[PDB]
Amino acid sequence: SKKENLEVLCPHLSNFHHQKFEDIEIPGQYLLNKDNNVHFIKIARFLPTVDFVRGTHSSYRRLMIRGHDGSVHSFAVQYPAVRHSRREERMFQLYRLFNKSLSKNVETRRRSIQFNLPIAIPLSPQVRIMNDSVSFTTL
Amino acid sequence: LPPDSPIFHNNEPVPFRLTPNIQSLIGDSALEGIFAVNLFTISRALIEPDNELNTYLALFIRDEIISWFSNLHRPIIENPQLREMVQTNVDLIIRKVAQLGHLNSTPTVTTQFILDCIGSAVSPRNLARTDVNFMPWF
Amino acid sequence: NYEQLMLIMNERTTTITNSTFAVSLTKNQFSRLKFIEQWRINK
Amino acid sequence: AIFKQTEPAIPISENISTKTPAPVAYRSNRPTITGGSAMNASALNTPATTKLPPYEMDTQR
Amino acid sequence: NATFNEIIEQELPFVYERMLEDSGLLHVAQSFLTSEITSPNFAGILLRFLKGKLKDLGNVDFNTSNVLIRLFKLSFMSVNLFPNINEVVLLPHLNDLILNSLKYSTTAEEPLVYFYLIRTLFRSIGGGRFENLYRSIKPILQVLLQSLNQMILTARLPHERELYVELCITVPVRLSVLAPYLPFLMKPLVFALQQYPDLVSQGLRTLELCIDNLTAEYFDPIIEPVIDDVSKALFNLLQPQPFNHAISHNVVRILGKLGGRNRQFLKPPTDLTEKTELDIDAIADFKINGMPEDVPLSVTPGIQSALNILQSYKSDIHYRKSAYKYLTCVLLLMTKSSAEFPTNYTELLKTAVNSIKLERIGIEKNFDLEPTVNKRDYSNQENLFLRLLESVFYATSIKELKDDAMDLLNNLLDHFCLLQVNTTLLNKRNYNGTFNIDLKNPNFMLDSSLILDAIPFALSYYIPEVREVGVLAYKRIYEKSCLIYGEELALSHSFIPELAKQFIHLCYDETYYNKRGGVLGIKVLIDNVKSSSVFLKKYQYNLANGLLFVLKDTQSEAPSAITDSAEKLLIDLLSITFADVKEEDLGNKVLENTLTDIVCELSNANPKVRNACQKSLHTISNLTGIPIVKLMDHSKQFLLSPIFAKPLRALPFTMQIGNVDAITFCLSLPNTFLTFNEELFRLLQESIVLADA
Amino acid sequence: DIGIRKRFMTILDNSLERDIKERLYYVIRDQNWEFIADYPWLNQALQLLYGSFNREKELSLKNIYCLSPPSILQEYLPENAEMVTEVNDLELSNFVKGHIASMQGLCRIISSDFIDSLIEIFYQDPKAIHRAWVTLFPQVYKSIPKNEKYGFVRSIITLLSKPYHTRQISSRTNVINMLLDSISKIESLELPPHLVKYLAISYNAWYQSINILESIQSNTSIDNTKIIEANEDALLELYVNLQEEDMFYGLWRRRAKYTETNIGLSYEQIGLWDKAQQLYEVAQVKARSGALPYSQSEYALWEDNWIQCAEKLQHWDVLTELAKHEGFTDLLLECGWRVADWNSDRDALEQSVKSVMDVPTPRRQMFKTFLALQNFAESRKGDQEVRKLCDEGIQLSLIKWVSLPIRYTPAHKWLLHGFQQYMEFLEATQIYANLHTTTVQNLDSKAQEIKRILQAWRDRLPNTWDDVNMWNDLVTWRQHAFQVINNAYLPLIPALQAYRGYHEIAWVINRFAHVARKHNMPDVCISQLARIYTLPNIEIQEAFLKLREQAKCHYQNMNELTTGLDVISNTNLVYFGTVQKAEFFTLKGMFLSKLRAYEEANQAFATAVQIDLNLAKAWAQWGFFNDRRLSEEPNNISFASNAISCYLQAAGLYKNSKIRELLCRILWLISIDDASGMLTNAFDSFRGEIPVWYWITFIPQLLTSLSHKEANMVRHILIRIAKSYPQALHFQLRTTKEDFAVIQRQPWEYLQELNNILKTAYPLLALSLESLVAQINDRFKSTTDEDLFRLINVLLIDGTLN
């Protein structure tokens, strides 16, 4: 089944927004260096019917999160995340640090050049969540 | 460098991945006017701002050096000699980046080193000398 | 035949003003480089 | 802080009456940047409504 | 005036009931309040009469609602006709008018009359002083307007979306720009510019009021989540002179007042269309007389157009009937290559249905691979069949298209009932060997489980005349599944278990349409299956949690019949499943969990689910002879220990209310929970003794 | 009206023959669609072609792999099956056979009902006509045999070149789009004459033509070398009309024959117009006296791109006499020509406008509107036809906007600039009308409106990466509008007895002279700081940006730093400010440290930093100077403490900026292994508020710094992060805490201290985040088949790798 229910899989996250009593933010908004803090998107609720995605060499589950501004953010749960994730995320951090030099130069700003890194935020040192929309493919 | 371990080198025959299928997707006009020119202007924009490449690449190389000496179990080489390893690798990476965005004093086509690189990354005499998991046909 | 069919509208236009005059009157060499050279000589 | 002063109020018209221009048989085969025009805007130096230029087939009897 | 007031106050109900027969008598009341020295007095009498008549403004017929709306319109025009003479008659019961319209539209039968009244009140004023007592209502009004603006994902759309976006913009304010509650206006501004060409000249004006005096620092992060939609709808309004220049030169003035700010927030396009099921080709062979062989061309070049023809109630009926015939042509072409049946299908169906009750069916093993699925084309064909089936369901909402739609729907439903037995027979490939890898499967087809996405679509749809067709569809597949299986196993292997799980999943969705579809499916399910005590007692915990989640999660502006029907269904289900329990200490696995989920929710933030849990604890202590304090013997600590641990000072208000209400219900019970909660009483009395400023 | 329409179409169908070739030749050659020319007639054309079909009851899809049939699926019960033998006494047995007989007649689909039910979809929606034509026409083109394709493609050119298509110009769904799209799906006739495709741009058809013109670049159509170059000409002109310049430069230097053309086009794409201009001159010289024929298309490229580079470099005195040498509206494009009057030669511009303001463009219409505005300006009680010329210009620009594609192209940016120009024309009308009634010396009563509109103009300027022609056009026409008010306040100067003569032209010079320095044009950035001497007084803000930009001019091209040294070192009189001398002194520090100088540059930075202690650029440059002195030695010398102190001072009041490289320098210079505690003193004696929010982006490099020794000054930063921004640290803290907890002292002690500070302050937040993370960690664990799948995949890639 390509679409499995969240309240069957994890009933705490389908019941989250009732027993939540503060403003949690969407994780991974501090990695993208957006100067202030007031316009960050707060998690409204977890959507039901999460997706089971079979890849080429593995498979994972994609859970969707409704934001407080009406937007839906999809994340991929890599449950056996391989232990070279810290080197990956440090390269992601390094190449996201260069995106501000690539917007003050006029020639890279006319052509709208940015580096487009993925936002992967680790939860435990076994599981990380990565941003993953549908209509992402590999070659 | 009196030590010898970290170098940050590339093993592949091709300088990057520009396979036949990607090159037929991008085309001829966009490979000449969009691919190479953006690849030139990125490296031009990174060496302009008066050593920001140095400041980022220093600690982001140093963590890689520490992980390199901690993966293999010899973490005892902790000294300013490690800072010499870091500065050597940083100068190597900065030299290879500034090689792309250098326009000559003589009149020469900008994106010429980049065009020679894409000439050496798409030739079948280089793509055949790589592994089959690279999929050089695709 | 075919080569004369595939070039029916291939008529060159020097400039917008000449195109304007050509469409207006129907209803009613390296001189540039030489000019730039002689103007650089005159200064 | 939150508010700035009053902008100049530009009064748009209420009963303007312009003419829709007739199409023109324009011709521009220059392939250079600025399209054989003084400036390179290429949207400001192009007529509004155009049509196809006159041509003729092979008059080879 | 002092005698005319008591004459008209004693006579106004009789004048009103005379207005419901001869409607010209409105010209009486108009002539009392359009030109008088005693116009504020009659405006006060009329407003105090209409304040009482407002509660039944929704639940009356067309004539009475028309008369009441005209009296309200006259009473509002009397205000802006005499501004310096008393408009102070309107400023009391003005916020009560807004609030009671929003509250009474919940339980109303025709709930759009209240928002038409709010629109008339907003269009009657603007340019006055009493918009400062109204500024204490703006956040509640704008949250109730945006959460009614986008929650109509199945919007009725006569003017419903237009009405809500007309209400959300064009709210009055004495200040030039309205409030810090401007991000509430950004989502209706996109709809006002984009989709309704009669709202456009309103919304453009709102943009100018934000662009002219907002400092361009405070305003730019506000329009940031909507700047691509705003600029893309603004660029559609840049059209020449046959299009209206009064709303094109507005856009030119806006984009000229923004220097580089009209183009500094646009990136390369992230909205490239990727050829969905309304864009793909389903190719068949056609015999053309000028050709030697048949030629393959697509049967679906006009599917999106025919769907837009069928959904619109302003086209012809010839065009609508031909569109329906086209969609059923494409659907029956997709259904044709499974509509052939073998010569011995009856004995094969009987063999395959009594072969389910056997254990250890031997599987012949073979070693050969099957081709893969090609998920994109499978998903497009699956969604295409789903859209065509949903339009067959929608076609029953139209007169003179209903009879053949119902006949074709009956044929399709008892076709899918006969095709479900193949899925049942192939689900025994998941058994008979805990890890078999050498078996044979038919490769990849539309698995006849897409009636599990069409019948919950028909129940969640915004026309009730197709929700009736959805429940008739469920009754028909119940009859056919009980026919071809038998009642003892149609509740464990046919559609009836599977689709029932779908109904529980409709209770967890994020809009009130799907919750109504879920409680509709649950009510027809528990009206069908009551003769057997294995299904409703096996599925009791999940059904109770679904009907409880309808009570917890439902927005306040959703209609009242959702939570009322959910409460009635929960009480009826607990009356059914707790009828056989006679032992006072009888709980094995699932009665313990049902009582746990009930009594752990007496301390909720929502008062509806608190009162529903109290009522359900009362109707299962009057059903069987068990005290309420015997029902809470095992799960009382899971209710009390979260309350006694948190000190009731850092919690928000709705949780303090829930904890205090749960402890009040526990203390009102006979002789239980007397132990050492003095610290909570001391902290609550010291939290209520002080001021709240 | 359905009855008469159906009767007309059925007698037109019965008149023709039932062959597809005859009906295709009827809809292309024979029928004259000039009367139905506003309506999509392809509808009617489809109704003729669908007349040639057969009514076949065996219509069946072959592409869908449809739903599960009961034929083979009741044979998927392999050997354990007690087959029942003729049980026929039920209600099931008649229901099944009645359903079989029902579904037999229901799924017999003829071609007739599909065809004639699709026909009436065409009369409501014109997008079923588009899709139906694009699916049908490449299939019925196969009926046209060989030795007849030439006449068919010639009839296609005759159909597309008809003059009655102008009744569908103002539409997004023309028949030309619906027909060119079906041309593009054929690849046999998909070469039409291809200057027709570039001229079928009177319609929209942009990408329907780019598809056709790019499917000849990748076709073996090499019959001529003059078909290919004309194809490339039409493609480059479509790229120019869409302002897609990168594809223009790529296609040009893929097709060019000279090498200096390639070098000049590359320098022109980058934005170096001096070297590109020199290379175009070299390529023009070698064609006069060479052995190459230059193809008559590179020659125009050399001429026009020379003119464009000379326009960007602002050599208007050359181009004025170049446009005097030949009849051209390059002469009109010196609207800014080092001009202060525009009135002594008013007639010489009116005749040049009026001779060319037929077949009008938005630019020449803008020139006509500016002439009317100047007529209202220099002669009060003017015309107020400016309110009419602006409106006809707005309507012309709207026709040009609808002629472009729907989605935003780079060509729309100039239309947006034209909208801003018309709105500034109307505001200049208001300014001049207020300027004509202040003749009674009513100053400080109507000057407030002028100040408000000028303040609105100061904040309304283009983006800094926009074209320098856009910036130059806005600057020149604002200089015209300022010259009018400076001329009209000129009689009212001595009758006042600072003053209301503004001359804030310097602002729109300085803001221009800044942005050209952003565009790497230093020659015009020096040359624009010479039109500032029109008034000999030293102003509080003209001298500020003037001296700052002139000192920033001489910062690169290191044979020029002495020219920045000698201009600041002799200027000691204050130009209305005590902050300008501090930046002067630290610029002396930059210029002295750029050459090899050890102590005097340190003295220059010291005297730059003692005066105010409020310029963070001086602290940042002193830190850079100390790092440049550090780079010739190992980093363990206590001289680095001065560097980290100037860096920490350079991040405290340099806030809301790019300060993260200073934080990188702090994190790298702190990590030295000095035994003397001077660096910890230099960190811990910093008097100022540390930028806690900008330390978030190095939270991993802080959290791995606790494991490294000589780092407990990282703890103050992490504590100030955890008490103010608690959601940034939480996931990283739990991840590295459960990393260090399973490998088991200051690392875990510091991690438990940070976790305790994050748990006491904000306890509800930590509780909810830990419950969320724990539920994801326990419930999203993969099943058995997914683990087996990933195990077999890693085994298979290792087997094929070994």
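Protein chains in written order, with the entry's author numbering: chain A, 3329 to 3467; chain B, 3607 to 3744; chain C, 389 to 416, 474 to 488; chain D, 353 to 413; chain E, 695 to 1387; chain F, 2428 to 2924, 2936 to 3182, 3202 to 3259.
C-beta: ideal position from N, C-alpha, C; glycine also.
For the stretch 393–413 of chain C, which residues have a CB atom closer than 8 Å to at least one CB atom of chain H, in sequence order?
The chain inventory of the structure shown lacks chain H, comprising the protein chains A, B, C, D, E and F.
Counting only beta-carbon atoms, is C/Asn-416 nearer than 8 Å to chain D?
Your numbering for residue 416 of chain C matches position 28 in the third sequence. Output row for C/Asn-416: interface = no.
Scan the stretch 361–385 of chain D for residues whose Cβ lies nearer than 8 Å to a Cβ of chain C and list them as they occur along the chain.
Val-376, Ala-377, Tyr-378, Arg-379, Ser-380, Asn-381 and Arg-382
Just to confirm the assignment: which complete alpha helix (DSSP H) runs, minimum length 4, are found wholly within the stretch 2977–3034 of chain F?
2980–2991, 2999–3006 and 3018–3032
Check whether chain B comes within 8 Å of F/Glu-3227, counting only Cβ atoms and requiring the distance to be less than that.
Here the question's residue 3227 of chain F lines up with position 770 in the sixth sequence. Not closer than 8 Å to any Cβ of chain B, the Cβ of F/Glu-3227 fails to qualify, so no.
My assumption, with CB atoms under 8 Å, is that A/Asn-3427 sits in contact with A/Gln-3442. Please give the rounded CB distance.
Within the first sequence, numbered from 1, the residue matching residue 3427 of chain A stands at position 99. Within the first sequence, numbered from 1, the residue matching residue 3442 of chain A stands at position 114. Their Cβ separation, rounded to whole angstroms, is 5 Å, which keeps A/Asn-3427 and A/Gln-3442 in contact under 8 Å.
Quick one: Cα of F/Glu-2987 to Cα of D/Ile-354, how far?
Taking the first residue of the sixth sequence as position 1, residue 2987 of chain F is located at position 549. Taking the first residue of the fourth sequence as position 1, residue 354 of chain D is located at position 2. Distance between the alpha carbons of F/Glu-2987 and D/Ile-354 is about 32 Å.
If you run the structure through DSSP and keep just helix, strand and coil, what is A/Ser-3402?
Taking the first sequence and counting its residues from 1, the one referred to as residue 3402 of chain A is at position 74. Strand, per DSSP.
Here's a check: name, in chain order, each residue in its chain whose Cβ is nearer than 6 Å to the Cβ of F/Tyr-2477, leaving out the five neighbours to either side.
By one-based count along the sixth sequence, residue 2477 of chain F stands at place 50. Within the same chain, F/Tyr-2477 has close Cβ partners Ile-2542.
With a floor of 4 residues, list each alpha helix (DSSP H) that falls wholly inside the stretch 2816–2902 of chain F, ordered by position along the chain.
2839–2863 and 2874–2885
Alpha carbon to alpha carbon, what distance is there between E/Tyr-1007 and F/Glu-2777?
What you label residue 2777 of chain F is simply residue 350 of the sixth sequence in a count that begins at 1. What you label residue 1007 of chain E is simply residue 313 of the fifth sequence in a count that begins at 1. C-alpha separation (whole angstroms): 58 Å.
Is the closest heavy atom of the ligand NAD to the C-beta of E/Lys-747 under 7 Å?
Among the components of this structure there are no ligands whatsoever, and the ligand NAD is therefore not found.
With 8 Å as the limit, tell me which residues of the stretch 2508–2527 of chain F have their beta carbon closer than that to any beta carbon of chain E; keep them in chain order.
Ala-2508, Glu-2509, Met-2510, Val-2511, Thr-2512, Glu-2513, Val-2514, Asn-2515, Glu-2518, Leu-2519, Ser-2520, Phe-2522, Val-2523, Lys-2524, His-2526 and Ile-2527
Check the Cβ of F/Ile-2654 against every Cβ in chain C and list those closer than 8 Å, keeping chain order.
Within the sixth sequence, numbered from 1, the residue matching residue 2654 of chain F stands at position 227. Ordered by position in chain C, the residues that pass the 8 Å Cβ test against F/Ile-2654 are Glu-391, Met-394 and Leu-395.
Please decide whether F/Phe-2797 counts as near chain E, where near means a Cβ-Cβ distance under 8 Å.
Counting from one through the sixth sequence, the residue named residue 2797 of chain F turns up at place 370. No, because no Cβ of chain E sits closer than 8 Å to the Cβ of F/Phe-2797.
Beta carbon proximity, F/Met-2850 to chain D, threshold 8 Å:
Translated into positions along the sixth sequence, residue 2850 of chain F becomes position 423. Yes, its Cβ sits closer than 8 Å to a Cβ of chain D.
Closer than 9 Å at the beta carbon, the chain B residues around F/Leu-2706:
Translated into the one-based positions of the sixth sequence, residue 2706 of chain F becomes position 279. Those within 9 Å of F/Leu-2706 in chain B are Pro-3713.
Can you give me the start and stop residues for the alpha helix (DSSP H) that F/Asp-2660 sits inside?
Residue 2660 of chain F sits at position 233 when you count from the first residue of the sixth sequence. Note, F/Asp-2660: alpha helix (DSSP H), 2655–2668.
Quickly, what does DSSP pair A/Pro-3450 with across the bridge? List them, please.
Counting from one through the first sequence, the residue named residue 3450 of chain A turns up at place 122. DSSP, once it has assigned bridges, lists A/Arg-3456 as partnering A/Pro-3450.
Considering only residues of the stretch 1202–1243 of chain E, which uninterrupted alpha helix (DSSP H) runs meet the minimum length of 4 residues and lie entirely inside it, listed in chain order?
1206–1222 and 1229–1232
For B/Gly-3639 and chain F, any beta-carbon pair shorter than 8 Å?
Here residue 3639 of chain B refers to the residue found at position 33 of the second sequence. Yes, B/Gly-3639 lies at the interface with chain F (some Cβ there is under 8 Å from its Cβ).
In whole angstroms, what is the alpha-carbon distance linking E/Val-871 and E/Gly-821?
Here the question's residue 871 of chain E lines up with position 177 in the fifth sequence. Here the question's residue 821 of chain E lines up with position 127 in the fifth sequence. C-alpha separation (whole angstroms): 13 Å.
Quick check on A/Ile-3369 - is its C-beta less than 8 Å from some C-beta in chain F?
Counting from 1 along the first sequence, the entry for residue 3369 of chain A is found at position 41. It does not: the Cβ of A/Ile-3369 has no partner Cβ on chain F nearer than 8 Å.
Taking the alpha helix (DSSP H) that F/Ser-2629 belongs to, which residues open and close that run?
Position 202 of the sixth sequence, counting from 1, holds the residue named residue 2629 of chain F. Unbroken run through F/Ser-2629: none, as it is neither H nor E.
If you drop the 5 nearest sequence neighbours on each side, which residues of the same chain put their C-beta closer than 6 Å to that of F/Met-2897?
The residue you call residue 2897 of chain F lines up with position 470 of the sixth sequence. Closer than 6 Å at the Cβ level, and outside the excluded window around F/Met-2897, lie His-2844 and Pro-2889.
Spell out the partners DSSP gives A/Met-3392 in its beta bridges.
Within the first sequence, residue 3392 of chain A is the residue found at index 64, counting from 1. BP columns for A/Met-3392 point to A/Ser-3402.
Measuring CB atoms only, is the stretch 3216–3233 of chain F touching the stretch 3155–3170 of chain F, in the sense that at least three cross pairs come out at less than 8 Å?
yes
Identify which residue in E/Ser-772, E/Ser-1154 and E/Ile-1145 has its Cα closest to the Cα of E/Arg-1170.
Here residue 1170 of chain E corresponds to residue number 476 of the fifth sequence, with the count starting at 1. Comparing Cα positions, the closest option is E/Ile-1145.
Who does A/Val-3381 pair with in a DSSP beta bridge?
By one-based count along the first sequence, residue 3381 of chain A stands at place 53. A/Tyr-3388.
Can you confirm whether B/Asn-3627, when its beta carbon is compared against all beta carbons of chain F, has any partner nearer than 8 Å?
Against the second sequence, residue 3627 of chain B aligns to sequence position 21. So, not an interface residue.
Comparing C-alpha positions only, which one of F/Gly-2717, F/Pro-2918 and F/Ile-3110 sits nearest to F/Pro-3072?
In the sixth sequence, residue 3072 of chain F corresponds to position 634, counting from 1. Ranking F/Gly-2717, F/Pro-2918 and F/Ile-3110 by Cα distance to F/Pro-3072 puts F/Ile-3110 first.
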